[PDB]
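Residue numbers (the entry's author numbering), protein chains in the order written: chain A, 68 to 107, 120 to 480; chain B, 67 to 106, 119 to 480. Just so you know, even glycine gets a beta-carbon here, dropped at the ideal spot from N, CA and C. To start, the structure itself, in structure tokens.
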Amino acid sequence: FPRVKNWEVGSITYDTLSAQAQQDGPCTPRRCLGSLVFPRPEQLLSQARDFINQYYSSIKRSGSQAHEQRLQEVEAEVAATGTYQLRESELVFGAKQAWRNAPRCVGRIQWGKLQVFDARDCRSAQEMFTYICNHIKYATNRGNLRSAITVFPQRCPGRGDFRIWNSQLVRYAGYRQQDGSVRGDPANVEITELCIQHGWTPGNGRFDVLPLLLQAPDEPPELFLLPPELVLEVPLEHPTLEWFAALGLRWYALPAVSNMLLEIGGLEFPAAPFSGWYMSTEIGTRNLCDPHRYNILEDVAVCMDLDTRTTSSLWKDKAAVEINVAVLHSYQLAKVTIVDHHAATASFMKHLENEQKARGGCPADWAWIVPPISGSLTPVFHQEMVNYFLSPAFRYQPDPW
Amino acid sequence: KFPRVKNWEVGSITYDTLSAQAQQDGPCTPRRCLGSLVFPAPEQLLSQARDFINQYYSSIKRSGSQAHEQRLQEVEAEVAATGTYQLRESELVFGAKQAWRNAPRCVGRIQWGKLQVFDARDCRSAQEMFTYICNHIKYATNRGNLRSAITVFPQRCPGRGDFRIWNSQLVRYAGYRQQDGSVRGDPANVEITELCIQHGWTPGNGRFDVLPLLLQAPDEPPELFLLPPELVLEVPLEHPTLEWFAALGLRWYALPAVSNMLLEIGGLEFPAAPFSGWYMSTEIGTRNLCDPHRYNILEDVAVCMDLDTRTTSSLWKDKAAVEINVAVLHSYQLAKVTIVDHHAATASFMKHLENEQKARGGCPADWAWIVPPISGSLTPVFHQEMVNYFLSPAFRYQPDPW
Ligand code: HEM
Ligand code: HEM
Ligand SMILES: Cc1cc(N)nc(CCc2cc(CCCN(C)C)c(F)c(F)c2F)c1
Ligand SMILES: Cc1cc(N)nc(CCc2cc(CCCN(C)C)c(F)c(F)c2F)c1
Ligand SMILES: C[C@H](O)[C@H](O)[C@H]1CNc2nc(N)[nH]c(=O)c2N1
Ligand SMILES: C[C@H](O)[C@H](O)[C@H]1CNc2nc(N)[nH]c(=O)c2N1
Ligand SMILES: [Cl-]
Ligand SMILES: [Cl-]
Ligand SMILES: [Gd]
Ligand SMILES: [Gd]
Ligand SMILES: [Zn+2]
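Now the structure itself:
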């Protein structure tokens, strides 16, 4: 049982929940690989059994009546069919657990408040689009964002999978050049040239919302144009830097991850988009200032008349703070839900305290919980953390092409 | 099967083959990663010794030579006759540099080859220890043009207690427990402050009172030594445009000299071997001054800046911290005392990683310690996957001698 210390307060806890760690991680006694982004059949019944036990534990209902009853049914279902179906309440329970188990998510204080749309009877990419359109409408909610997941049919042998080829439901185009440089978002150059390959008339803008490439089983993807009124965006302005608006920056309201695989009780859902609301550093620090993303830092510094000729002026740090200010200001003025990294980390510390008493610990990935600016100014920096894998879970998966 | 490592800013991919040589074991398992935790027999002495001797003879292009096997035999024979062995002077220099080179938590390692090694393994007493330490401070400080150095005191050996420096650094500010339970001065130094008083030091009552040294010779109580004031170079903190900042009365010292770590070379242990370089500005401006459990000045500065401190979304904390770090950089430059900002230091560390990939096939690095505590993703090391592991020679933590 690893001892874990908080260095701001001096308090000590023990992560006994780590003792239940499932699939192995990438680290060994000889070397730590914790900073890497991607870590390098009656088994279905062992995973389903454990998940069923998880479910009845939470509702205080282990070891009586409906517990064993549900245990025999999954056995019989897998015996007769090779797989099984989750009850709607279990699907709801599994989706919230997978979020609760996500070591890289700093917003898990919200994990109990999640709206689950059950799309396991979807039949075509046409239907997907209507589902995705329903999700976006619900989650966006005129700017009062609501956490939501839409769960499409599970993987089954013999047939292809449902897949959303985009990494997010809302992404901006990345247009290559005669000279290699990119207009738009460099992170989406690949899917941009895919969408263009499947017939999408490209734009000429820095912030063109890409179409969706949606894949029903055993069929090639189909392009769908997202209804422009369904995509809520926020023009970025600064509260006092009048010229900031003239930079023409914008970002969208809804962060909806559409390329991760949801795994519950041994079942796999390769199409299960989930959405919450943004922490402001995600937009203002990573999306806008990463060198391989929009890389706007020096343009803002020039406008601020900062001395970009010496690193020790801290011009980078100054421009970054004002970009993050512009993001928070713009989203608040638009009445679109957003949370700053100070508020989010303080709530995560509360979440850790809750999870200590509820489960004996919390899987947390320090490198991803600590925000990309002002790290040691937040309480999570001074909190030791233990990282490990539990099921239900959101897993990474290969791109479908 | 060597770890593949990606840089996400550029797209580069390398393989850390050096990691396959990790001489000891860390805290992680395939079950769980503990990377974020702060604190993670003749035959076995011989095999450590043999490995270090192999390293040294490789470095001087004498691998497998007459002199190489001769040294191996000399060490085998001394361990059999005495239980231990003595390093040659050139082996100690090589081993101290390698220990720095191998330190996973040091972002300053582009400098590792430029290290001045003072051999004090002949030191006899705590009074001689104090004289060696004073000369280290004088050489390293160099009137503000700082020079990296280490002074190596006698090794742990059978029959005798250890040399120990009780202070965690050679220069440290007292922390006076008080009665709100509050601390005046540096809260990190409350324990050592109380030990100094208990050992005859007449305390002060300021926030920046330089501590005396508590020096321990083999099998003796520690002995208290005051640092000659003209050896301790300090920098008053001012801000280039916020003129009220000087009235805070803040100061920091020029020389970061870690004095409580253990230096291990070929199985030999040097419990006393203080080493010093020069500061990265975030160490002072962000950690020492802004940590809630250190001087904790952030809110006071933000109030003086007229920032709105009743809402987090004003980013008042971020804005005050940036100006504190500016103050440190400006003040050390004004004083002509070496200091490196977090952008230049992380840029130089990336070149070190590239140098090391060609030289050794990798580089042990602790991502959480390498990425600066402010502006993390604005520096190139944020975007660089790293592999953490333990090579020897090495600097190691050791328990406090009390
Ligand atoms: C509601 C407010 C939420 C906030 C403030 C939030 C915040 C964050 C942040 C900042 C990250 C870091 C990822 C990055 O840097 O790109 C993250 C990761 C993650 N979040 Fe959340 N999130 C929220 C909702 C959700 C929901 C509703 C789910 C799932 C049901 C979820 C699942 C995840 C997962 C799986 C990751 C890991 C991403 C990856 O490894 O690629 N989050 N979250
Ligand atoms: C010359 C310029 C140097 C710079 C800019 C530098 C920078 C740093 C920084 C920023 C840290 C993080 C520690 C903290 O946050 O408190 C560190 C750690 C460390 N440095 Fe360096 N350093 C330098 C010289 C040296 C030298 C000369 C040595 C040894 C000969 C050394 C060995 C170490 C070790 C062992 C650690 C780990 C300390 C610990 O974990 O307690 N450094 N360094
Ligand atoms: C629901 C949600 C709310 C929120 N507030 N934030 C996120 C963040 C997810 C995310 C994860 C990653 C990691 C890799 C991505 N996949 C394609 C490999 C990103 F890079 C990224 F930009 C990104 F937004 C999700
Ligand atoms: C030569 C050198 C140059 C430089 N630029 N920086 C350092 C910083 C070392 C350091 C390490 C730690 C880790 C904890 C171990 N200690 C408690 C025994 C500190 F806490 C600390 F304050 C501290 F300065 C050293
Ligand atoms: C190389 C490094 O692991 C990589 O840049 C990680 C670091 N921490 C992160 N943390 C978050 N939240 N998101 C990220 O994309 C990353 N990237
Ligand atoms: C708990 C956490 O590991 C701790 O605060 C670490 C994180 N990274 C650090 N990095 C550096 N350079 N110095 C530190 O003291 C720490 N502290
Ligand atoms: Cl994003
Ligand atoms: Cl320090
Ligand atoms: Gd102007
Ligand atoms: Gd002024
Ligand atoms: Zn690890």
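ask   = Between which two residues does the beta strand (DSSP E) harbouring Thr319/A extend?
value = As a working mapping, residue 319/A is identified with position 240 in the first sequence. Unbroken run through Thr319/A: none, as it is neither H nor E.
task = Using three-state DSSP, classify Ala181/A as helix, strand or coil.
result = Numbered from 1 along the first sequence, position 102 holds the residue referred to as residue 181/A. The answer is coil: DSSP assigns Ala181/A none of H, G, I, E or B.
request  = Run down chain B in chain order and give the residues with a C-beta less than 7 Å from the C-beta of residue 117/A.
outcome  = Any structural detail on residue 117/A is unavailable, because chain A resumes at 120 straight after 107.
ask   = So does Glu401/B have its beta carbon nearer than 6 Å to some heavy atom of ligand 10?
value = Within the second sequence, numbered from 1, the residue matching residue 401/B stands at position 323. Checking every heavy atom of ligand 10 against the Cβ of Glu401/B, none is found closer than 6 Å.
request  = Inspect the beta-carbon positions of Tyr217/B and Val313/B and report whether they are closer than 7 Å.
outcome  = For the purposes of this step, residue 217/B is taken as the residue at position 139 of the second sequence. For the purposes of this step, residue 313/B is taken as the residue at position 235 of the second sequence. In this structure, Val313/B does not lie closer than 7 Å to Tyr217/B by Cβ.
task = Kindly indicate which residue of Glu75/A, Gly259/A, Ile275/A and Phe241/A has the alpha-carbon position closest to the one of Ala252/A.
result = As a position in the first sequence, residue 252/A is number 173, starting the count at 1. Nearest C-alpha to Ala252/A: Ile275/A.
query = Got a sec: does ligand 5 put a non-hydrogen atom nearer than 6 Å to the Cβ of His461/B?
reply = Within the second sequence, the letter at position 383 stands for residue 461/B. Yes, ligand 5 has a heavy atom inside 6 Å of this Cβ.
Extent of the continuous beta strand (DSSP E) run through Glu342/A = Locating residue 342/A in the first sequence gives position 263, counting from the first residue. For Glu342/A, the uninterrupted beta strand (DSSP E) run begins and ends at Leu340 to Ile343, by DSSP.
inquiry  = Within 7 Å of any Cβ in chain A, is that where the Cβ of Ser143/B sits?
reply    = Counting from 1 along the second sequence, the entry for residue 143/B is found at position 65. Cβ-Cβ to chain A under 7 Å: no for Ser143/B.
key: Minimum Cβ-Cβ distance from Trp178/B to chain A less than 7 Å   = Position 100 of the second sequence holds residue 178/B. No, no contact with chain A.
inquiry  = When you measure from the CB of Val104/A to every non-hydrogen atom of ligand 5, does any distance come out below 6 Å?
reply    = In the first sequence, counting from the first residue as 1, residue 104/A sits at position 37. Taking 6 Å as the cut-off, one finds at least one heavy atom of ligand 5 near enough to the beta carbon of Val104/A.
query = Is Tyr357/B near ligand 4, going by C-beta to nearest heavy atom under 6 Å?
reply = Along the second sequence, read from residue 1 onward, the residue named residue 357/B stands at position 279. Checking the Cβ of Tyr357/B against ligand 4 gives yes.
Reference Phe286/B; option with closest CA among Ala405/B, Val261/B, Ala295/B and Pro120/B = By one-based count along the second sequence, residue 286/B stands at place 208. For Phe286/B, the closest of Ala405/B, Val261/B, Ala295/B and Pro120/B by C-alpha to C-alpha distance is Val261/B.
key: Closer than 6 Å: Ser246/A CB and nearest ligand 3 heavy atom   = Start at 1 with the first residue of the first sequence, and residue 246/A comes out as number 167. Yes - ligand 3 has a heavy atom lying nearer than 6 Å to the Cβ of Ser246/A.
query = Taking Cβ-Cβ distances shorter than 7 Å, what residues in chain A pair up with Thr390/B?
reply = Numbered from 1 along the second sequence, position 312 holds the residue referred to as residue 390/B. What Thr390/B touches in chain A: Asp419, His421 and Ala422.
task = Could you tell me the boundaries of the beta strand (DSSP E) in which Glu312/B lies?
result = The residue labelled residue 312/B in the question sits at position 234 within the second sequence. For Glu312/B, the enclosing beta strand (DSSP E) starts and ends at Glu312 to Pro314.
inquiry  = Using only Cβ atoms and a threshold of 5 Å, which residues come within that distance of a heavy atom of ligand 11? Order them by chain position.
reply    = By the rule of a C-beta closer than 5 Å to any heavy atom of ligand 11, the residues picked out are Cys94/A, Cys99/A, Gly101/A, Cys94/B, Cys99/B and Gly101/B.
query = What is the DSSP secondary structure of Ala425/A, reduced to helix, strand or coil?
reply = Stepping through the first sequence from its first residue, residue 425/A is reached at position 346. If DSSP states are grouped into helix, strand and coil, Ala425/A belongs with the helices.
key: Closer than 8 Å at the beta carbon, the chain A residues around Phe460/B   = Along the second sequence, read from residue 1 onward, the residue named residue 460/B stands at position 382. In chain order: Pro451.
query = Going along the chain, which residues of its own chain have a beta-carbon closer than 8 Å to the beta-carbon of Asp297/B, five neighbours each way excluded?
reply = Locating residue 297/B in the second sequence gives position 219, counting from the first residue. In chain order, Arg238 and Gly239 place their CB closer than 8 Å to the CB of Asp297/B, counting only its own chain and leaving out the 5 sequence neighbours on each side.
inquiry  = For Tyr217/A, report the span of its beta strand (DSSP E) as first-last.
reply    = Position 138 of the first sequence, counted from the start, is the residue given in the question as residue 217/A. It is not in any beta strand (DSSP E) - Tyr217/A instead sits in the alpha helix (DSSP H) that spans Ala204 to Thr219.
Min CB distance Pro182/B to chain A below 7 Å = Within the second sequence, the letter at position 104 stands for residue 182/B. So, not an interface residue.
message = Among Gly278/A, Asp258/A, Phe427/A and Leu248/A, whose alpha-carbon lies nearest the alpha-carbon of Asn267/A?
response = Numbered from its first residue, the first sequence carries residue 267/A at position 188. Of the candidates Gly278/A, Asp258/A, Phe427/A and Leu248/A, the one whose C-alpha sits nearest the C-alpha of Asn267/A is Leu248/A.
message = Less than 7 Å between the C-beta atoms of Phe473/A and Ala177/A, yes or no?
response = Counting from one through the first sequence, the residue named residue 473/A turns up at place 394. Counting from one through the first sequence, the residue named residue 177/A turns up at place 98. Between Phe473/A and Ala177/A, the gap from beta carbon to beta carbon is short of 7 Å.
Residue-level contact to chain B via CB, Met428/A, 7 Å cutoff = Against the first sequence, residue 428/A aligns to sequence position 349. False, the Cβ-Cβ gap to chain B never drops below 7 Å.
ask   = Can the beta-carbon of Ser102/A be found closer than 7 Å to that of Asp419/B?
value = Walking along the first sequence from the start, residue 102/A turns up at place 35. Walking along the second sequence from the start, residue 419/B turns up at place 341. At the C-beta level, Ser102/A and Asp419/B stay beyond 7 Å of one another.
Residue-chain proximity (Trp445/A, chain B), Cβ-Cβ < 7 Å = Numbered from its first residue, the first sequence carries residue 445/A at position 366. Yes, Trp445/A counts as interfacial toward chain B.
key: Candidates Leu340/A, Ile211/A and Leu320/A: closest to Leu304/A by CA position   = As a first step, residue 304/A must be located in the first sequence, where it is residue number 225. The shortest C-alpha separation from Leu304/A is found at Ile211/A.
request  = Note down, in chain order, each residue of its chain lying with its Cβ closer than 8 Å to the Cβ of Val157/B, except the 5 sequence neighbours on either side.
outcome  = Here residue 157/B is taken as the residue at index 79 of the second sequence, counted from 1. Same-chain partners within the cutoff: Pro120, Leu123, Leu124, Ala127 and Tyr163.
ask   = Leaving out the 5 sequence neighbours to the left and right, which residues in its chain are closer than 6 Å to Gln90/B when beta-carbon positions are compared?
value = On the second sequence, position 24 is the one that residue 90/B refers to. Beyond the five residues adjoining it in sequence on each side, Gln90/B comes within less than 6 Å, by CB distance, of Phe468 in the same chain, given in chain order.
query = Hey, would you say the C-beta of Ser455/B is under 6 Å away from at least one heavy atom of ligand 1?
reply = For the purposes of this step, residue 455/B is identified with residue 377 of the second sequence, where counting begins at 1. It does not: the Cβ of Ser455/B is nowhere closer than 6 Å to a heavy atom of ligand 1.
query = What residues from chain A crowd round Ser85/B, counting only those whose CB sits closer than 8 Å?
reply = Your numbering for residue 85/B matches position 19 in the second sequence. Close partners of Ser85/B in chain A (Cβ separation under 8 Å): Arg97 and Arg98.
ask   = Hey, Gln205/A and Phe348/A: beta-carbon distance below 7 Å or not?
value = Taking the first sequence and counting its residues from 1, the one referred to as residue 205/A is at position 126. Taking the first sequence and counting its residues from 1, the one referred to as residue 348/A is at position 269. In this structure, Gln205/A lies away from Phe348/A, with their beta-carbon atoms at least 7 Å apart.
ask   = Does ligand 1 have even one heavy atom less than 6 Å from the beta-carbon of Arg179/A?
value = Taking the first residue of the first sequence as position 1, residue 179/A is located at position 100. Annotation for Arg179/A indicates a beta carbon at 6 Å or more from all heavy atoms of ligand 1.
key: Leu293/B in three-state terms, based on DSSP   = Residue mapping note: residue 293/B aligns to position 215 of the second sequence, counting from 1. The answer is strand: DSSP assigns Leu293/B an E or B state.
inquiry  = Any heavy atom of ligand 10 inside 6 Å of the beta-carbon of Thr364/B?
reply    = Here the question's residue 364/B lines up with position 286 in the second sequence. Outside the cutoff, so no.
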